[PDB]
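Structural features, examined
For reference, the chains in residue letters:
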Number of protein chains: 2
Amino acid sequence: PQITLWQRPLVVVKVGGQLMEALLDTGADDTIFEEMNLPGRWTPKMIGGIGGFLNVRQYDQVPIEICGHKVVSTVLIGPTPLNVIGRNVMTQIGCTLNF
Amino acid sequence: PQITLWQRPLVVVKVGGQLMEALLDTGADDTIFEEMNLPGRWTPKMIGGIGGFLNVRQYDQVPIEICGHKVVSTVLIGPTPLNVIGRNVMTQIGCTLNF
Ligand SMILES: CC(C)CN(C[C@@H](O)[C@H](Cc1ccccc1)NC(=O)O[C@H]1CO[C@H]2OCC[C@H]21)S(=O)(=O)c1ccc(N)cc1
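Residues numbered from 1 in each chain as written, not as in the entry; some residues may be left out. Chains lettered and ligands numbered in written order. Heavy atoms only, no water.

The name given to chain A in the PDB entry is Pol polyprotein, with the source organism recorded as Human immunodeficiency virus 1.

This is how it looks when you write it as structure tokens:
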């Protein structure tokens, strides 16, 4: 559906077997969540934004469930003060900006 | 106009009599640009980003032109790696998420 921006655009997500809230975030190329146990192998990744940079772990082809949409996506795990749904996932649910 | 998210949602902005590019950023509460001279008084502000917390100058009631739209908004100046158009500006121009 359509979402205004008077409040933060938080949505409920399931990943991979856990429930989280995350921010629909058009300024993020990538999807990043707080420390949680994703299963399997990961590759080290550094990313930077406002206030500096973190070391994150990149998990590929992680099932994510967002609203009614199931997708399989790359997911970074590392310190973020908020879970963020990035363009890599939003494109897959057909999310656009409009004004 | 509708904007897909296959690419970063950059827009051209006029702010403080200067032209720049910025990201339409639904994950940002506030609007923040790289160091530039905005005229007048300002307040020190803490933000925290992915890597934050950090030191920024808050300028109130700054003229901003984006996509035809002229708004007057709070604008933060500080060492961000991309200029960011936050929800405080996006709501004024009527920007929504859709899917
Ligand atoms: C700064 C952007 C260019 C990129 N950021 C996404 C952005 O939407 C963050 C996303 C974000 C949101 C909250 C907390 C941490 C990160 N928002 C943000 O920094 O907003 C700040 C300005 O307004 C305030 O509102 C919230 C924080 C403040 S980011 O989280 O740092 C980021 C950086 C690198 C990658 N690869 C992916 C994401």
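When helices and strands are tallied, chain A shows one helix and nine strands. Helices and strands appear in chain A in the N-to-C order β-β-β-β-β-β-β-β-α-β. Computed over its C-alpha atoms, the radius of gyration of chain A comes to 13 Å, within 12% of the 13 Å expected for a compact globule of 99 residues. Its C-alpha atoms give chain A principal-axis dimensions of roughly 40 × 30 × 20 Å. Across the 99 residues of chain A, 46% fall into the buried class. Sequence-distant contacts, at least 24 apart, represent 49% of the contacts inside chain A between residues at least 6 apart. When the accessible area of chain A is evaluated, it comes to approximately 5,100 Å², of which 52% is carbon and sulfur surface. Across chain A, 7 positive and 8 negative side-chain charges occur, with their mean positions spaced 4 Å apart. (Helix = DSSP H or I, 4+ residues; strand = E, 2+ residues; numbered from the N terminus. Rg over C-alpha atoms; globule rule 2.2 N^0.38 Å. Buried < 20%, exposed > 50% of the residue type's maximum accessible area, 1.4 Å probe, protein only. Contact = heavy atoms within 4.5 Å. Areas by Shrake-Rupley, 256 points an atom, 1.4 Å probe, with all protein chains shown as cover. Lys, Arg positive; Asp, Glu negative; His and termini not counted. Charge placed at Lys NZ, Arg CZ, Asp CG, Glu CD.)

Under the criterion given, the structure shown has eight salt bridges over all chains. The residue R57(B) makes a salt bridge to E35(B) at a minimum N-O spacing of 2.7 Å. Here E35(B) lies in the loop between β4 (32-33) and β5 (43-47) and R57(B) lies in strand β6 (residues 54-66), a separation of 22 residues in the sequence. On the accessibility criterion, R57(B) (17% relative accessible area) is buried. The exposed category is assigned to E35(B), whose relative accessible area is 55%. The shortest N-O distance in the salt bridge between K70(B) and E65(B) comes to 3.6 Å. Shared partners join several salt bridges into a network, and the residues in it are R8(A), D29(B) and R87(B). (Salt bridge = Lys/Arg side-chain N within 4 Å of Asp/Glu carboxyl O.)

Residue and element names in this part refer to chain A. In terms of strand pairing, strand β5 (residues 43-49) meets strand β6 (residues 52-66) through seven bridges, oriented antiparallel. Paired with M46 across the two strands is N55, which belongs to β6. Linking β5 back to β6 in an antiparallel pair, the connection comprises two residues, with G51 at a positive phi of about 85 degrees. (Pairing = 2+ DSSP bridges.)

Attention shifts here to the interface of chain A and chain B. Counting residues at the interface gives 39 residues for chain A and 38 residues for chain B. Across the chain A/chain B interface, buried area totals approximately 3,700 Å², and carbon plus sulfur atoms make up 63% of it. Counting the contacts that link chain A with chain B gives two salt bridges. The shortest N-O distance in the salt bridge between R8(B) and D29(A) comes to 2.7 Å. (Buried area = accessible area lost by both parts, 1.4 Å probe.)

Bringing the state of the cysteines into the picture now. Where two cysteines share a covalent bond between their sulfur atoms, that bond is called a disulfide. Residues and elements named next belong to chain A. Here the structure, examined in full by the defined rule, presents zero disulfides over all chains. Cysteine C67 shares no disulfide, and the gap to the nearest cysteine sulfur, in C95, comes to 8.7 Å. The exposure class assigned to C67 is partly exposed, which follows from its relative accessible area of 44%. (Disulfide = S-S within 2.5 Å.)

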